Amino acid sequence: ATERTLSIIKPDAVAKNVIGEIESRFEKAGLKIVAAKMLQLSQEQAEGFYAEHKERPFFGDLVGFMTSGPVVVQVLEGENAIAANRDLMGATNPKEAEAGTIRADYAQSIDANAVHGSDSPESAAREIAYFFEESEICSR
């Protein structure tokens, strides 16, 4: 079925100026960029996004790294979008990630992985609504 998932191009990939190359991974795979914006996350913003990881000892690394630069936050829409996004991203850890995936090709570490993606249809709905309202989303 056609789903919506949240994608984020992280500061490390943005700084590498490979935004184009990454968006092409999604588009060539049949995913449509349906909402997008570049911004500099504030600490309060990043924290609210990673709300579910509030108490964990790595929270400061997440939030830390995710505010280290401007990011592109965006909605990808298409057939089996959430899971396809995960397939294209590779595993969370670049060392573990299958070659040909984004994290394998572009990431250096777990903090500095090249991208983010919603891991469930539950996280999809929440993560999208957090950054975007429906008017900003342009399905096609």
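The numbering used is simple: start at 1 and walk along the sequence shown.
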_78 to 86 set against 40 to 48, stretch whose average Cα temperature factor tops the other in the entry_ = 40 to 48
*Higher average CA B factor in the deposited record is what I'm after, so tell me if that's 127 to 135 or 21 to 29.*
127 to 135
*How does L62 rank on Cα B-factor within its chain, lowest, middle or highest third?*
highest
_Going by the CA temperature factor in the PDB record, which third of the chain does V73 belong to: lowest, middle or highest?_
lowest
*State the tercile, meaning the lowest, middle or highest third, of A112 with respect to the CA B-factors recorded for its chain.*
middle
*Place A97 in the lowest, middle or highest third of its chain's C-alpha B-factors, as listed in the PDB entry.*
highest
_Using only modelled residues of the chain, where does the Cα B factor of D119 rank: lowest third, middle third or highest third?_
middle
